Protein chains: 2
Amino acid sequence: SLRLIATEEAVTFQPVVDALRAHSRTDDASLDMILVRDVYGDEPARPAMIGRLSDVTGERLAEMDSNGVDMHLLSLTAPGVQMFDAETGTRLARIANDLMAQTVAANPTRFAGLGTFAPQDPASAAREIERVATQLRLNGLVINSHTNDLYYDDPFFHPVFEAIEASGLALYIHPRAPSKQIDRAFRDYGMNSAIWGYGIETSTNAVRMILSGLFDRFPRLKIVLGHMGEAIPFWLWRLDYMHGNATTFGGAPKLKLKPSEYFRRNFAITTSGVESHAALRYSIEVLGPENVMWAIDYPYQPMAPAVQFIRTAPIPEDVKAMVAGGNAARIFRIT
Amino acid sequence: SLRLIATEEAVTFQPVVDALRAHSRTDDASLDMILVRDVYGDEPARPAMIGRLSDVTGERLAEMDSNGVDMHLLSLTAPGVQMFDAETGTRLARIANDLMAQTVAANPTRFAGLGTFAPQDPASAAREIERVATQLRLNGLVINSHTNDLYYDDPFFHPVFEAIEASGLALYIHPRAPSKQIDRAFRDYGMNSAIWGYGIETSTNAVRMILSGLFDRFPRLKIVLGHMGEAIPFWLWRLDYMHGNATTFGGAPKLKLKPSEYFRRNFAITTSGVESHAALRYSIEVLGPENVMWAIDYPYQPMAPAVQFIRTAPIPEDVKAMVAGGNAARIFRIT
Ligand SMILES: COc1cc(C(=O)[O-])ccc1O
Ligand SMILES: COc1cc(C(=O)[O-])ccc1O
Ligand SMILES: COc1cc(C(=O)[O-])ccc1O
Ligand SMILES: COc1cc(C(=O)[O-])ccc1O
Ligand SMILES: COc1cc(C(=O)[O-])ccc1O
Ligand SMILES: [Mn+2]
Ligand SMILES: [Mn+2]
Ligand SMILES: [Mn+2]
């Protein structure tokens with residue numbers, strides 16, 4: 001019946017797990033070290049997670065079958081390879097992308113894959129992006145918000161976005177913990193994570209990208225944001241209203257379009273972790289039905305409630321088909 | 001015949017203006033110094049603003065009359081008295097509150113008022129809050145997000161919230177620029193201000209308040225957030241979903257209610273700066289029509305579009321009356 005393609009479905013591979021185990025013992029002050037110790041560290045607070053992330057053919061497929069989920073679009077879980085030094089990140093990105101391709105090929109009717117990269121080295125990341133698109137023929141790209149506590153308005157990353165735009169692959173900008181620029185306010189009450197910091201970190205990255213004019217430089221970029229667009233869809237009117245003040249008094253560059261127009265033209269969103277019919281309806285209304293995709297955020301969230309959320313959405317069947325899988329099949333080139 | 005009570009309407013008074021002019025010359029590193037120099041500085045980029053903020057019975061009333069706006073609920077404009085040292089802030093809050101009460105008393109069918117205080121000195125602020133409630137008989141309170149780069153989960157401010165709860169006055173937590181904990185990411189593209197920083201700063205403050213259990217300690221507090229609730233209404237499902245992880249792994253304290261239940265019980269929102277029928281409809285649906293109030297954000301925004309936004313809202317007339325003014329009359333003690 002309804003074709004369900006879940007678009008934010010995390011996976012990991014042993015070489016990355018091993019590298020993160022080692023990294024967990026270092027003095028890295030990144031706020032992601034909370035997650036990294038909890039999942040990849042010695043005496044981990046979340047001991048089952050590595051196994052669940054690594055598994056593709058056991059529990060994961062069983063749960064897909066029990067819930068009638070056609071596909072997972074897999075992505076190397078945050079923080080990807082971004083916490084490592086440039087050489088290590090670059091090496092592990094290739095390894096992880098090869099393993100992603102192999103994972104997809106073992107069950108291509110049930111899995112599609114996003115490749116990743118190490119923007120610590122923008123030139124090498126650009127080469128890897130090209131390899132992912134043309135040599136591995138993967139479905140798209142994923143990166144986890146900031147790299148080296150810089151956001152994607154920084155011209156340092158222009159070679160990355162040039163390659164992404166040229167490749168035609170959509171880039172899913174997944175969260176990671178608040179960067180060092182903002183992490184002081186996220187050290188309490190678990191706010192480092194999905195409950196708050198993930199959304200603030202990722203949305204602020206994207207807003208900087210828009211306001212910096214990144215999408216005039218690279219107008220064919222396609223960006224995807226989970227968690228109902230990291231709430232950016234809610235802020236569209238205010239982003240537009242206040243833009244004049246930003247360019248007049250704040251040194252913001254003049255843009256060809258309004259901020260919300262970049263959001264509708266260059267972005268699409270997914271419903272990961274936001275199983276709200278009201279928020280889904282709002283997003284369809286302001287973005288258009290072509291710009292909203294379904295996701296689970298497995299294994300960090302369970303499949304059944306995410307599935308039931310979309311199966312029961314109070315929207316027409318044709319729009320429901322678009323959200324459940326049609327838009328994803330287009331954006332991520334899935335047949 | 002629709003009674004329009006605008007709830008986020010900024011004003012200033014000469015003693016505060018004079019103090020901010022002097023403050024503008026100092027080496028303060030607060031991100032609010034951008035606003036303060038633009039408006040109160042010796043060489044202001046926004047030279048008309050002091051006059052427009054100071055004006056109550058001239059341009060402001062003429063514009064209210066031409067647009068059929070019954071009332072402004074006035075508040076001392078951000079950053080209030082919060083940038084000053086404790087003794088200066090305390091004295092100026094007292095003076096500004098006397099001037100607010102006198103302004104209101106001059107035209108009490110057209111103006112209501114929120115008193116303010118200097119949380120730099122919680123014990124003195126507590127006395128002033130009581131005076132605002134019982135002697136000046138003002139309509140509520142206003143404070144501008146952080147004080148001293150601390151948020152309102154900090155036990156330092158417990159005496160303030162104890163007094164606010166006991167007074168029965170609602171506290172409008174208006175924005176100011178991102179605190180030093182987060183300001184590094186808001187130095188570009190005018191993001192210090194309303195376009196992005198204001199919402200991130202204010203929403204993060206409120207989320208810390210909720211997650212810290214402040215509303216179990218003071219369950220009768222009423223908090224009001226502008227800008228369509230600083231987007232917290234959009235995040236309710238995820239805040240609730242992830243709360244288990246926060247209390248299990250993140251050291252968040254155990255709470256009597258769910259995060260969204262505090263938001264609906266203890267908060268109400270206004271539409272200042274978010275003239276979106278879609279966002280208004282979403283907020284009414286998830287918060288209830290009793291929890292949404294209309295505002296303009298004058299003089300930072302013009303009255304006519306804000307008025308026309310609510311007059312044309314695609315909601316029933318009774319709900320429209322609640323949003324336009326009925327809820328404000330209840331929450332802010334207006335006859
Ligand atoms: C590391 O990536 C994630 C982590 C969590 C979490 O920690 O609950 C949730 C969703 C995510 O995709
Ligand atoms: C009419 O202009 C806009 C409308 C909205 C909306 O209501 O969703 C958002 C941004 C805008 O610039
Ligand atoms: C200082 O308070 C505000 C400033 C602005 C601004 O700078 O455009 C807008 C709304 C506010 O209430
Ligand atoms: C002369 O010192 C102060 C005066 C006042 C006042 O006048 O309300 C308030 C606080 C002070 O520290
Ligand atoms: C059913 O539980 C919830 C629903 C919503 C919603 O859909 O607005 C938000 C928070 C919740 O916990
Ligand atoms: Mn995820
Ligand atoms: Mn009164
Ligand atoms: Mn305001």
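Each chain gets a letter, A, B and so on, in the order its sequence line appears, and its residues count up from 1. All values below were derived from every heavy atom in this structure, side-chain atoms included, with hydrogens, water molecules and symmetry-related copies excluded.
For the pair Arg46(B) and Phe249(A), the cation-pi criterion (under 6.0 Å, within 45° of the ring axis) is fulfilled.
When heavy atoms are compared at a cutoff of 4.5 Å, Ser193(A) does not approach chain B at all. Heavy-atom distances place the side chain of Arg281(B), and not its backbone, under 4.5 Å from chain A. Heavy-atom distances place no part of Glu201(A) under 4.5 Å from chain B, backbone and side chain included.
For the options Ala231(B), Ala246(B), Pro233(B), heavy-atom pairs under 4.5 Å to chain A are most numerous at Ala231(B). For chain B, the option among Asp188(A), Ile34(A), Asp38(A) with the highest count of heavy-atom pairs below 4.5 Å is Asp188(A). Contact count against chain A (heavy-atom pairs under 4.5 Å) is highest for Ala185(B) among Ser203(B), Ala185(B), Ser179(B). Taking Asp153(B), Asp183(B), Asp240(B) one by one and counting their heavy-atom pairs under 4.5 Å with chain A, the maximum is reached by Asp153(B). The greatest number of non-hydrogen atom pairs below 4.5 Å with chain B, out of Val207(A), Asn205(A), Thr248(A), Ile200(A), is found for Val207(A). Of the residues considered (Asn245(A), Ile182(A), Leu236(A)), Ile182(A) shows the highest number of contacts with chain B, using heavy-atom pairs under 4.5 Å. Ranked by non-hydrogen atom pairs under 4.5 Å with chain A, the options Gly199(B), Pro259(B), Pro253(B), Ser212(B) are led by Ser212(B). Most heavy-atom pairs under 4.5 Å with chain A: of the set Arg238(B), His243(B), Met228(B), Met242(B), this distinction falls to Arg238(B). Comparing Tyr300(B), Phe186(B), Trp235(B) by heavy-atom pairs within less than 4.5 Å of chain A, the highest count is held by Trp235(B).
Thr77(B) is not listed as a side-chain neighbour of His174(B), based on a closest heavy-atom distance of 4.5 Å or more.
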### Task
Before giving the answer on side-chain contact (heavy atoms from CB on, under 4.5 Å), spell out for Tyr189(B) and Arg208(A) the whole-Å C-alpha distance, their side-chain angles and the decisive distance to 0.1 Å.
CA-CA 8 Å; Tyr189(B) 322 124; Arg208(A) 296 179 61 101; 4.2 Å; yes

#### Entry: Full working for salt bridge (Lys or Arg N to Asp or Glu O under 4.0 Å) between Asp32(A) and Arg176(A)
CA-CA 7 Å; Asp32(A) 288 287; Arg176(A) 61 181 288 192; 2.7 Å; yes

For residues 266-275 of chain B, dump all side-chain donor-acceptor pairs below 3.5 Å to protein atoms at least two apart in sequence or in another chain.
from: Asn266(B); atom 1: ND2; to: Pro219(B); atom 2: O; distance (Å): 2.9
from: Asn266(B); atom 1: ND2; to: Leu221(B); atom 2: O; distance (Å): 2.9
from: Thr270(B); atom 1: OG1; to: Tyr172(B); atom 2: OH; distance (Å): 2.9
from: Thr270(B); atom 1: OG1; to: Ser272(B); atom 2: N; distance (Å): 3.3
from: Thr270(B); atom 1: OG1; to: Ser272(B); atom 2: OG; distance (Å): 3.2
from: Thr271(B); atom 1: OG1; to: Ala295(B); atom 2: N; distance (Å): 3.3
from: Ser272(B); atom 1: OG; to: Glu8(B); atom 2: OE1; distance (Å): 2.6
from: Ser272(B); atom 1: OG; to: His227(B); atom 2: N; distance (Å): 2.9
from: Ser272(B); atom 1: OG; to: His227(B); atom 2: NE2; distance (Å): 3.4
from: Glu275(B); atom 1: OE2; to: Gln301(B); atom 2: NE2; distance (Å): 3.4

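The local environment of CZ in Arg217(B) is sparse, with at most 12 non-hydrogen atoms from other residues, nucleotides or ligands closer than 6.0 Å.
Screening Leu239(A), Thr204(A), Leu287(A) for a side-chain contact (heavy atoms from CB on, under 4.5 Å) involving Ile232(A) leaves a single residue, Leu239(A).
Here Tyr282(A) and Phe234(B) bring their ring centres to under 6.0 angstrom of each other.
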